[PDB]
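Visitor: Submitted below is the structure of interest, expressed as structure tokens.
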Amino acid sequence: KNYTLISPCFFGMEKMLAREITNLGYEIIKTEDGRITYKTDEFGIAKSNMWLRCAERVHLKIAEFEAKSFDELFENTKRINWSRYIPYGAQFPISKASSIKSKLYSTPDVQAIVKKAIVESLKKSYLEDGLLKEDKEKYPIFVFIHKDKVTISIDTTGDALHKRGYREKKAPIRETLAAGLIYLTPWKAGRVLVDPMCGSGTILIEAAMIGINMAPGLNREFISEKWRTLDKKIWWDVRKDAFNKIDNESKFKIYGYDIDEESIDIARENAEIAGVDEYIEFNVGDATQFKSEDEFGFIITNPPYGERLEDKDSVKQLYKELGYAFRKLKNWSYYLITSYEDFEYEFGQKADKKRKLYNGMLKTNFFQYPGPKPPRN
Ligand SMILES: Nc1nc2c(ncn2[C@@H]2O[C@H](COP(=O)(O)OP(=O)(O)OP(=O)(O)O)[C@@H](O)[C@H]2O)c(=O)[nH]1
């Protein structure tokens, strides 16, 4: 059997996520702002959770229909054969509802009506006279309404995917965003890579895991691993496969610096937890003094944004100082993410590309500065 899955992502991450899904061998059905819909074989749920670095989670799509009234929402939800997806005794909390530009804007009421519909559907299938028991494993139901089109799905993930298990940290960049940053560059294992304001090390940890082909989900668990409705052998084979795919022969080193000594301590701890401590060296250091004799290196970094009035002036000077230091490097490429709108002006250089991205509550841009190209003829 095949599945239709949906993976939400931050706006601006759709291209990277689509590329990852394509690399897993799956067909993309629909690309929309903040979510990719795709078709997979029976390995799809396990493989998607195991391997996708830019997905915030992996949903199993159950149904899509129009609903302009609560009666219509109820009737359409109830007619779904829920017993096919929710087994006897299973828990089915309606974990979340989102409604955008739709008549059914009250999400808690959407949740209650969907709950009632599913209870009615199951009661009919399971001929349940007494209490419909909900004491076994959990199938969290998600409802998404956009311009009156309702999508109902089941969460296969549980804890948000960005939680790989290594984050034990100030204000770290999201793991999924960090992986997307790496993917937006030409960096490959073996090439010099430095994050000179590395904080708790997220960007470098994500890059190291990409470099040794360590699956993001390798050291965490997923709610669907407990589902009686799945063949447990599939999840098992997918995990074993992922372990075997780790590149154990490759040797490389990438580097992080920060002036916050506690952040370096945390970064080292986090890399050990992630299992990539052998590929990263973290040190206290000042990015404005960064120098190298190597050429053709990469910098990928997340500097302070200077959002507070009290910080704005020092951050502007930092940007100028970074520009000076980075331009003295020999044919390096550098990439910086910041919400500071006028970054290019203070940095002293126009980017090749500027991509709009999101740490959710923050509207950030990724400024890309690939090194000079060879001469023309
Ligand atoms: N090396 C260096 N670090 C600096 C300098 N100025 C500020 N920083 C650090 O640069 C980091 C960039 O800001 P953050 O937003 O905190 O980076 P981060 O939150 O650690 O991002 P993550 O990698 O996900 O943890 C901060 O941890 C600051 O301590 C500097 O002049 N040199």
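Here, A, B, ... name the chains of the structure tokens in the order displayed, residue numbers run from 1 inside each chain, and ligands are numbered from 1 in the same displayed order.
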Using DSSP on the backbone coordinates, identify the residues of stretch 154-361 of chain A assigned to strand (DSSP E or B); present them as a ChimeraX atom specification.
Guide: /A:154-155,193-195,254-258,280-284,295,298-301,330,333-338,353-359
Visitor: List all protein, DNA and RNA residues that have any atom at most 8 Å from ligand 1, counting only C-alpha atoms and all ligand atoms, and write the list as a VMD selection string.
Guide: chain A and resid 169 to 175 178 196 to 204 257 to 260 263 267 284 to 289 301 to 305 318
Visitor: Residues as selected, C-alpha atoms, written as an mmCIF file, in the first residue's frame, can you do that?
Guide:
```cif
data_model
loop_
_atom_site.group_PDB
_atom_site.id
_atom_site.type_symbol
_atom_site.label_atom_id
_atom_site.label_comp_id
_atom_site.auth_asym_id
_atom_site.auth_seq_id
_atom_site.Cartn_x
_atom_site.Cartn_y
_atom_site.Cartn_z
ATOM 1 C CA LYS A 169 21.529 24.345 25.589
ATOM 2 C CA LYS A 170 20.567 31.531 24.952
ATOM 3 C CA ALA A 171 18.567 31.476 21.714
ATOM 4 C CA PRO A 172 19.640 28.626 19.424
ATOM 5 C CA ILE A 173 18.668 28.577 15.756
ATOM 6 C CA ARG A 174 16.109 25.851 15.008
ATOM 7 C CA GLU A 175 17.744 22.542 13.928
ATOM 8 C CA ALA A 178 20.118 25.119 10.311
ATOM 9 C CA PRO A 196 32.833 31.891 13.983
ATOM 10 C CA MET A 197 29.827 32.834 16.175
ATOM 11 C CA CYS A 198 28.665 29.300 16.736
ATOM 12 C CA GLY A 199 26.761 29.568 20.018
ATOM 13 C CA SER A 200 25.631 26.113 21.165
ATOM 14 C CA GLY A 201 26.842 24.685 17.883
ATOM 15 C CA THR A 202 23.630 23.822 16.043
ATOM 16 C CA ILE A 203 24.768 24.827 12.563
ATOM 17 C CA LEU A 204 27.973 22.788 12.834
ATOM 18 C CA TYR A 257 34.210 29.906 17.610
ATOM 19 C CA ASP A 258 32.250 32.038 20.068
ATOM 20 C CA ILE A 259 33.151 34.600 22.744
ATOM 21 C CA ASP A 260 30.611 33.046 25.142
ATOM 22 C CA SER A 263 28.230 28.352 24.803
ATOM 23 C CA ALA A 267 28.382 23.079 22.036
ATOM 24 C CA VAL A 284 36.508 30.488 22.411
ATOM 25 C CA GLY A 285 37.365 33.018 19.707
ATOM 26 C CA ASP A 286 36.433 36.425 18.267
ATOM 27 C CA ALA A 287 34.901 36.281 14.739
ATOM 28 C CA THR A 288 36.113 39.840 14.006
ATOM 29 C CA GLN A 289 39.676 38.548 14.255
ATOM 30 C CA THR A 301 26.794 31.627 10.667
ATOM 31 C CA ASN A 302 23.948 33.134 12.706
ATOM 32 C CA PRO A 303 25.192 36.440 14.229
ATOM 33 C CA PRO A 304 23.341 38.544 16.824
ATOM 34 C CA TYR A 305 20.384 40.313 15.122
ATOM 35 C CA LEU A 318 29.994 43.859 14.390
#
```
Visitor: Calculated over only C-alpha atoms, which of the candidates A:186, A:348, A:275, A:8 has the smallest distance to residue A:165?
Guide: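 Smallest distance to residue A:165 is found for A:275.
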Visitor: What is the atom CA of residue A:279 to atom CA of residue A:219 distance in Å?
Guide: 17.7 Å
Visitor: Stretch 143-243 of chain A near stretch 29-52 of chain A within 7 Å: what's each residue's closest atom pair and its distance in Å to one decimal, counting only C-alpha atoms, ordered by chain then ascending residue number, as a tab-separated table?
Guide:
```
residue	atom	partner	partner_atom	distance
A:157	CA	A:49	CA	6.7
A:215	CA	A:51	CA	5.0
A:216	CA	A:51	CA	5.8
A:217	CA	A:50	CA	4.3
A:218	CA	A:50	CA	6.4
A:234	CA	A:43	CA	6.3
A:235	CA	A:46	CA	5.3
A:238	CA	A:47	CA	6.4
```
Visitor: Keeping N, CA, C and O atoms, export the residues of the selection given above as a JSON list (two decimals), in the first residue's frame.
Guide:
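The result, written out as part.json:
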```
[["chain", "number", "residue", "atom", "x", "y", "z"],
["A", 157, "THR", "N", 4.82, 11.60, 14.12],
["A", 157, "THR", "CA", 6.11, 12.03, 14.69],
["A", 157, "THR", "C", 6.15, 12.10, 16.22],
["A", 157, "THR", "O", 6.97, 11.46, 16.86],
["A", 215, "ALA", "N", 21.47, 9.99, 9.90],
["A", 215, "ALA", "CA", 20.07, 10.38, 9.79],
["A", 215, "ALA", "C", 19.66, 11.20, 11.00],
["A", 215, "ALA", "O", 20.05, 10.88, 12.13],
["A", 216, "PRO", "N", 18.85, 12.26, 10.79],
["A", 216, "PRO", "CA", 18.45, 13.12, 11.91],
["A", 216, "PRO", "C", 17.70, 12.36, 12.99],
["A", 216, "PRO", "O", 17.85, 12.69, 14.17],
["A", 217, "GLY", "N", 16.92, 11.36, 12.60],
["A", 217, "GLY", "CA", 16.07, 10.66, 13.56],
["A", 217, "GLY", "C", 16.71, 9.47, 14.26],
["A", 217, "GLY", "O", 16.04, 8.73, 14.99],
["A", 218, "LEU", "N", 18.01, 9.29, 14.06],
["A", 218, "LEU", "CA", 18.71, 8.07, 14.50],
["A", 218, "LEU", "C", 18.69, 7.88, 16.01],
["A", 218, "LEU", "O", 18.60, 6.75, 16.49],
["A", 234, "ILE", "N", 9.20, -2.79, 9.57],
["A", 234, "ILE", "CA", 9.57, -1.68, 8.69],
["A", 234, "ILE", "C", 10.35, -0.62, 9.46],
["A", 234, "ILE", "O", 11.45, -0.24, 9.05],
["A", 235, "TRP", "N", 9.80, -0.16, 10.58],
["A", 235, "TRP", "CA", 10.52, 0.82, 11.42],
["A", 235, "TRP", "C", 11.87, 0.24, 11.84],
["A", 235, "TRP", "O", 12.88, 0.95, 11.86],
["A", 238, "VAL", "N", 14.35, 0.16, 8.86],
["A", 238, "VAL", "CA", 14.73, 1.54, 8.53],
["A", 238, "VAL", "C", 15.77, 2.10, 9.50],
["A", 238, "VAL", "O", 16.73, 2.75, 9.08]]
```
Visitor: Tell me, as a ChimeraX atom specification, which residues lie within 12 Å of residue A:183, counting only C-alpha atoms; anything in the same chain fewer than 2 positions away does not count.
Guide: /A:13-20,53-54,176-181,185-188,203,206-207,210-211,300,335
Visitor: Mind writing the picked residues with N, CA and C atoms as a compact mmCIF listing (two decimals), in the first residue's frame?
Guide:
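That gives us part_11.txt:
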```txt
# COMPACT_ATOMS: atom_id res chain seq x y z
N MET A 13 11.62 27.18 3.28
CA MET A 13 12.26 25.86 3.39
C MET A 13 11.70 24.82 2.41
N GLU A 14 10.67 25.19 1.66
CA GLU A 14 9.96 24.24 0.78
C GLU A 14 10.84 23.59 -0.28
N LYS A 15 11.73 24.38 -0.89
CA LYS A 15 12.62 23.84 -1.92
C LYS A 15 13.61 22.82 -1.36
N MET A 16 14.18 23.11 -0.19
CA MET A 16 15.12 22.19 0.43
C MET A 16 14.41 20.92 0.85
N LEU A 17 13.24 21.07 1.46
CA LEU A 17 12.46 19.89 1.89
C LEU A 17 12.03 19.04 0.69
N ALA A 18 11.60 19.69 -0.38
CA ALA A 18 11.19 18.96 -1.57
C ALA A 18 12.35 18.16 -2.14
N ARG A 19 13.54 18.75 -2.10
CA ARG A 19 14.74 18.10 -2.60
C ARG A 19 15.04 16.85 -1.76
N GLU A 20 14.90 16.96 -0.44
CA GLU A 20 15.14 15.83 0.46
C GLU A 20 14.16 14.68 0.17
N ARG A 53 15.54 16.29 7.28
CA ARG A 53 16.18 17.27 8.17
C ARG A 53 15.46 18.61 8.19
N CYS A 54 14.64 18.88 7.18
CA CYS A 54 13.96 20.18 7.07
C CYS A 54 12.46 20.14 7.34
N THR A 176 16.06 22.41 12.15
CA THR A 176 15.58 22.24 10.78
C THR A 176 16.03 23.41 9.90
N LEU A 177 15.94 24.62 10.44
CA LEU A 177 16.42 25.80 9.71
C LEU A 177 17.92 25.68 9.44
N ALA A 178 18.67 25.29 10.46
CA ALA A 178 20.12 25.12 10.31
C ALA A 178 20.47 24.12 9.21
N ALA A 179 19.79 22.97 9.18
CA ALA A 179 20.04 22.04 8.09
C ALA A 179 19.73 22.67 6.74
N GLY A 180 18.66 23.45 6.68
CA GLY A 180 18.30 24.11 5.43
C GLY A 180 19.37 25.10 4.98
N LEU A 181 19.96 25.80 5.94
CA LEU A 181 21.05 26.72 5.61
C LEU A 181 22.20 25.96 4.94
N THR A 185 23.90 25.92 0.59
CA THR A 185 25.28 26.17 0.18
C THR A 185 25.87 24.97 -0.55
N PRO A 186 27.02 25.18 -1.21
CA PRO A 186 27.70 24.07 -1.88
C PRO A 186 28.63 23.28 -0.97
N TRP A 187 28.58 23.52 0.34
CA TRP A 187 29.51 22.84 1.24
C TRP A 187 29.35 21.33 1.18
N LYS A 188 30.47 20.63 1.22
CA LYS A 188 30.50 19.16 1.28
C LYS A 188 31.57 18.74 2.28
N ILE A 203 24.45 24.82 13.98
CA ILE A 203 24.77 24.83 12.56
C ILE A 203 25.84 23.78 12.25
N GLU A 206 24.55 20.12 12.72
CA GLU A 206 23.79 19.74 11.54
C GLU A 206 24.67 19.47 10.33
N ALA A 207 25.69 20.30 10.13
CA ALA A 207 26.58 20.09 9.01
C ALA A 207 27.38 18.79 9.16
N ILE A 210 25.10 15.84 8.29
CA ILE A 210 25.00 15.76 6.84
C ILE A 210 26.26 15.15 6.25
N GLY A 211 27.42 15.63 6.69
CA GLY A 211 28.70 15.15 6.21
C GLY A 211 29.00 13.66 6.38
N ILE A 300 29.40 29.66 7.54
CA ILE A 300 27.94 29.69 7.65
C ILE A 300 27.66 30.05 9.08
N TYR A 335 28.06 32.92 4.39
CA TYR A 335 26.60 32.93 4.40
C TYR A 335 26.17 33.32 5.80
```
Visitor: In terms of the shortest atom-to-atom distance over only C-alpha atoms, which of A:112, A:299, A:309, A:154 is closest to residue A:3?
Guide: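 Of all the options, A:154 lies closest to residue A:3.
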Visitor: Please provide as JSON, numbers by chain all residues within 8 Å of stretch 246-254 of chain A, with the sequence filter that same-chain residues fewer than 4 positions apart are discarded (counting only C-alpha atoms).
Guide: {"A": [189, 190, 192, 193, 194, 204, 208, 212, 213, 214, 215, 242, 278, 279, 280, 281]}
Visitor: So that I can check the surroundings of residue A:74, please list as an mmCIF file with N, CA, C and O atoms, in the first residue's frame every protein, DNA and RNA residue that reaches within 9 Å of it, counting only C-alpha atoms and ignoring chain neighbours fewer than 3 positions away.
Guide:
```cif
data_model
loop_
_atom_site.group_PDB
_atom_site.id
_atom_site.type_symbol
_atom_site.label_atom_id
_atom_site.label_comp_id
_atom_site.auth_asym_id
_atom_site.auth_seq_id
_atom_site.Cartn_x
_atom_site.Cartn_y
_atom_site.Cartn_z
ATOM 1 N N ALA A 67 -15.595 22.263 4.018
ATOM 2 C CA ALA A 67 -16.554 22.341 5.111
ATOM 3 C C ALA A 67 -16.799 23.803 5.455
ATOM 4 O O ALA A 67 -15.904 24.486 5.925
ATOM 5 N N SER A 69 -19.634 24.724 7.303
ATOM 6 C CA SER A 69 -20.412 24.758 8.535
ATOM 7 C C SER A 69 -19.975 23.626 9.443
ATOM 8 O O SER A 69 -19.380 22.652 8.987
ATOM 9 N N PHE A 70 -20.288 23.731 10.727
ATOM 10 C CA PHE A 70 -19.949 22.649 11.635
ATOM 11 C C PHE A 70 -20.716 21.361 11.310
ATOM 12 O O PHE A 70 -20.182 20.265 11.444
ATOM 13 N N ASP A 71 -21.955 21.488 10.839
ATOM 14 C CA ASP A 71 -22.694 20.311 10.380
ATOM 15 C C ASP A 71 -21.953 19.611 9.228
ATOM 16 O O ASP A 71 -21.820 18.386 9.212
ATOM 17 N N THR A 77 -16.511 14.254 8.401
ATOM 18 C CA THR A 77 -15.524 13.584 9.226
ATOM 19 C C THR A 77 -16.060 12.218 9.652
ATOM 20 O O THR A 77 -15.329 11.220 9.661
ATOM 21 N N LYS A 78 -17.343 12.189 9.996
ATOM 22 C CA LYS A 78 -17.986 10.969 10.465
ATOM 23 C C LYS A 78 -18.022 9.879 9.391
ATOM 24 O O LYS A 78 -17.895 8.690 9.704
ATOM 25 N N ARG A 79 -18.186 10.278 8.131
ATOM 26 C CA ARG A 79 -18.308 9.307 7.043
ATOM 27 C C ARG A 79 -16.993 8.611 6.706
ATOM 28 O O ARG A 79 -16.989 7.583 6.041
ATOM 29 N N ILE A 113 -15.873 19.075 17.401
ATOM 30 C CA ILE A 113 -16.750 18.479 16.397
ATOM 31 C C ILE A 113 -16.073 17.280 15.725
ATOM 32 O O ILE A 113 -16.703 16.242 15.505
ATOM 33 N N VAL A 114 -14.789 17.419 15.409
ATOM 34 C CA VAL A 114 -14.047 16.306 14.832
ATOM 35 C C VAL A 114 -13.970 15.140 15.823
ATOM 36 O O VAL A 114 -14.160 13.986 15.440
ATOM 37 N N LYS A 116 -16.148 14.398 18.151
ATOM 38 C CA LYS A 116 -17.473 13.781 18.177
ATOM 39 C C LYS A 116 -17.701 12.890 16.952
ATOM 40 O O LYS A 116 -18.224 11.773 17.072
ATOM 41 N N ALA A 117 -17.320 13.383 15.774
ATOM 42 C CA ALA A 117 -17.480 12.628 14.530
ATOM 43 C C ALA A 117 -16.714 11.311 14.549
ATOM 44 O O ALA A 117 -17.238 10.266 14.147
ATOM 45 N N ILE A 118 -15.470 11.360 15.009
ATOM 46 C CA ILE A 118 -14.651 10.155 15.071
ATOM 47 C C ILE A 118 -15.215 9.157 16.090
ATOM 48 O O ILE A 118 -15.220 7.952 15.852
#
```
